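A.B. asks: The structure is given below, and queries will be raised subsequently.
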Amino acid sequence: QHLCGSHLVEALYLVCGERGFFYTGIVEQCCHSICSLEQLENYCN
Amino acid sequence: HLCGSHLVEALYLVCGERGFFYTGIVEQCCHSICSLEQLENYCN
Amino acid sequence: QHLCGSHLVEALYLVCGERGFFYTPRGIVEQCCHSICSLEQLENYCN
Amino acid sequence: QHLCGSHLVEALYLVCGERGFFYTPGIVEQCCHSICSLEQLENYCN
Amino acid sequence: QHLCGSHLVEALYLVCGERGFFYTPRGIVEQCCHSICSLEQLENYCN
Amino acid sequence: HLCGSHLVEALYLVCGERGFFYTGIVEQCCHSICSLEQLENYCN
Numbered sequence: 004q005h006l007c008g009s010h011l012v013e014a015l016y017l018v019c020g021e022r023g024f025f026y027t037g038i039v040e041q042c043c044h045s046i047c048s049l050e051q052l053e054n055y056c057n
Numbered sequence: 005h006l007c008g009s010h011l012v013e014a015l016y017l018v019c020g021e022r023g024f025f026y027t037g038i039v040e041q042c043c044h045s046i047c048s049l050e051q052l053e054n055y056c057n
Numbered sequence: 004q005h006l007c008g009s010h011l012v013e014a015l016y017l018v019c020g021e022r023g024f025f026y027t028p036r037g038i039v040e041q042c043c044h045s046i047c048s049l050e051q052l053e054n055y056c057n
Numbered sequence: 004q005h006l007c008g009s010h011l012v013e014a015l016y017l018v019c020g021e022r023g024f025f026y027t028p037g038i039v040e041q042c043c044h045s046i047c048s049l050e051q052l053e054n055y056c057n
Numbered sequence: 004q005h006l007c008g009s010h011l012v013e014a015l016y017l018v019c020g021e022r023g024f025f026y027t028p036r037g038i039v040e041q042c043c044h045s046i047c048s049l050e051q052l053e054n055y056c057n
Numbered sequence: 005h006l007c008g009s010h011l012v013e014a015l016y017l018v019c020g021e022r023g024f025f026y027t037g038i039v040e041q042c043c044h045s046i047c048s049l050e051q052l053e054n055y056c057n
């Protein structure tokens, strides 16, 4: 449940579907800490 | 296009401890676009 | 060679090819993640 | 060599480093349906 | 049974563990993609 | 953070026919951000 780097990016692609996304705090909450699926969708477009 | 090793890594990811079965998910998620909702339907 | 988490999942995929496989949690976690199992046990998780 | 879906996404991440990137639903035209090169791919990065 | 392209490489990654491995396309490509090879044939491309 | 199977997938992609060796590439590309250039030094 730690999402960073290439793996964070794989996760975004997955949960964002058609919505798309931007990638460069999502890192604090989901890479440094464990976020949920719901927390993750909130970074799509 | 969610294909190969990445599809399986995705299943692990959305299913956690619940687990999953892997075989048509290839048709549904690799050859066509499936959603998280559709992917969740391969967990146990 | 303790296959746990994503690595366990990456492994089954390889040895089962088209056969597919099942992943759930005396238990594959016990046999392959907490301990080292061989392919024999892993093929035993295909269908 | 034909980069689509999750792999296209793996590629963008790779060539963009710190710059980051944007991914939408054309890069699909250029790099997924046909084989594209480096810079053609980078302009969908930042 | 037939390992080609990235899969051969994922397989190498898997079976070589700490040894690491070298991938160079008479060839792991001939031996494991065009024909079915075993682990030792596969292991001899680890380091 | 470029790590594990993905690190190995990255090598395969950028090295093409040259091939590559995998073992530090980890320090430079997983724990830290490497560029294509630092990565290519692991091709043949």
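Protein chains in written order, with the entry's author numbering: chain A, 4 to 27, 37 to 57; chain F, 5 to 27, 37 to 57; chain E, 4 to 28, 36 to 57; chain B, 4 to 28, 37 to 57; chain D, 4 to 28, 36 to 57; chain C, 5 to 27, 37 to 57.
Just so you know, even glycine gets a beta-carbon here, dropped at the ideal spot from N, CA and C.
With C-beta atoms as the reference, is A/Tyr16 less than 7 Å away from B/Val12?
C.D. replies: Within the first sequence, numbered from 1, the residue matching residue 16 of chain A stands at position 13. Within the fourth sequence, numbered from 1, the residue matching residue 12 of chain B stands at position 9. Yes, the Cβ-Cβ distance between A/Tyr16 and B/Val12 is below 7 Å.
A.B. asks: What does C/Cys56 pair with, by DSSP beta-bridge criteria?
C.D. replies: Here the question's residue 56 of chain C lines up with position 43 in the sixth sequence. DSSP lists C/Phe24 as partners of C/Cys56.
A.B. asks: Just to confirm my understanding: we take E/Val18, look at its own chain, exclude 5 residues before and 5 after, and list those with CB closer than 7 Å. What are they?
C.D. replies: Walking along the third sequence from the start, residue 18 of chain E turns up at place 15. Once the five neighbours on either side are set aside, the close Cβ partners of E/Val18 are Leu49, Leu52 and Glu53.
A.B. asks: Within the same chain, show all residues whose beta-carbon is closer than 6 Å to that of B/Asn57, passing over the 5 residues directly before and after it, in chain order.
C.D. replies: By 1-based counting over the fourth sequence, the position of residue 57 of chain B is 46. Cβ neighbours of B/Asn57 beyond the five flanking positions: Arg22 and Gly23.
A.B. asks: Would DSSP call D/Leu11 helix, strand or coil?
C.D. replies: For the purposes of this step, residue 11 of chain D is taken as residue 8 along the fifth sequence, with counting starting at 1. Correct three-state label for D/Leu11: helix.
A.B. asks: Closer than 7 Å, CB to CB, is F/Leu49 near chain A or not?
C.D. replies: Taking the second sequence and counting its residues from 1, the one referred to as residue 49 of chain F is at position 36. Closer than 7 Å: yes.
A.B. asks: Report yes if the C-beta distance between C/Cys7 and C/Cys43 is below 7 Å; otherwise report no.
C.D. replies: Residue mapping note: residue 7 of chain C aligns to position 3 of the sixth sequence, counting from 1. Residue mapping note: residue 43 of chain C aligns to position 30 of the sixth sequence, counting from 1. Taking 7 Å as the Cβ cut-off, C/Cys7 and C/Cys43 qualify as a contacting pair.
A.B. asks: Of all the CB atoms in chain A, is at least one closer than 7 Å to the CB of C/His10?
C.D. replies: Taking the first residue of the sixth sequence as 1, we reach residue 10 of chain C at position 6. Chain A contact via Cβ: present.
A.B. asks: Quick one: does D/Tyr16 have its CB under 7 Å from some CB of chain C?
C.D. replies: As a position in the fifth sequence, residue 16 of chain D is number 13, starting the count at 1. So, interface residue.
A.B. asks: At which residues does the alpha helix (DSSP H) containing C/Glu40 begin and terminate?
C.D. replies: Start at 1 with the first residue of the sixth sequence, and residue 40 of chain C comes out as number 27. Element bounds for C/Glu40: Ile38 to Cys42.
A.B. asks: How would you call B/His5, buried or exposed, if buried means at least 16 neighbouring beta carbons within 10 angstroms?
C.D. replies: Start at 1 with the first residue of the fourth sequence, and residue 5 of chain B comes out as number 2. Counting Cβ neighbours within 10 Å, B/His5 comes out exposed, since fewer than 16 surround it.
A.B. asks: Find the residues of chain D that neighbour E/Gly37, judging by a C-beta separation of less than 8 Å, and give them in chain order.
C.D. replies: The residue you call residue 37 of chain E lines up with position 27 of the third sequence. Those within 8 Å of E/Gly37 in chain D number zero; the least Cβ separation is about 21 Å.
A.B. asks: Output needed for E/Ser45: all residues of its chain with C-beta closer than 8 Å, excluding positions within five of it in sequence on either side, in chain order.
C.D. replies: Here residue 45 of chain E refers to the residue found at position 35 of the third sequence. Within the same chain, E/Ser45 has close Cβ partners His5.
A.B. asks: Kindly list the residues whose CB is nearer than 7 Å to the CB of F/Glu40, restricted to its own chain and excluding five residues on each side of it in sequence; keep chain order.
C.D. replies: The residue given as residue 40 of chain F occupies position 27 in the second sequence. Excluding positions up to five away in sequence, the list is empty.
A.B. asks: Could you check whether the Cβ of A/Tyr55 sits closer than 7 Å to any Cβ belonging to chain B?
C.D. replies: In the first sequence, residue 55 of chain A corresponds to position 43, counting from 1. A/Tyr55 does not count as touching chain B.
A.B. asks: In whole angstroms, what is the alpha-carbon distance linking A/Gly37 and C/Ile38?
C.D. replies: As a position in the first sequence, residue 37 of chain A is number 25, starting the count at 1. As a position in the sixth sequence, residue 38 of chain C is number 25, starting the count at 1. If I take the Cα positions, the gap works out to 28 Å.
A.B. asks: Say whether chain E places a C-beta atom closer than 7 Å to the C-beta of F/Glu21.
C.D. replies: Residue mapping note: residue 21 of chain F aligns to position 17 of the second sequence, counting from 1. True, the Cβ-Cβ gap to chain E drops below 7 Å.
A.B. asks: Taking only three categories from DSSP, how would you classify D/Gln4?
C.D. replies: Residue numbering aside, residue 4 of chain D sits at position 1 when the fifth sequence is read from its first letter. D/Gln4: coil per DSSP, three-state reduction.
A.B. asks: By Cβ distance below 6 Å, which residues in the same chain neighbour B/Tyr55 in space, the five residues on each side in sequence not counted?
C.D. replies: Taking the fourth sequence and counting its residues from 1, the one referred to as residue 55 of chain B is at position 44. Same-chain partners within the cutoff: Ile38.
A.B. asks: So which residues of chain A does B/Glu13 contact, with C-beta pairs closer than 7 Å?
C.D. replies: By 1-based counting over the fourth sequence, the position of residue 13 of chain B is 10. Those within 7 Å of B/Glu13 in chain A are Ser9.
A.B. asks: For C/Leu6, return the contacting residues in chain A, with the cut-off set at a CB-CB distance below 7 Å.
C.D. replies: Taking the sixth sequence and counting its residues from 1, the one referred to as residue 6 of chain C is at position 2. Near C/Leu6 (Cβ distances below 7 Å), the residues of chain A are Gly8 and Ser9.
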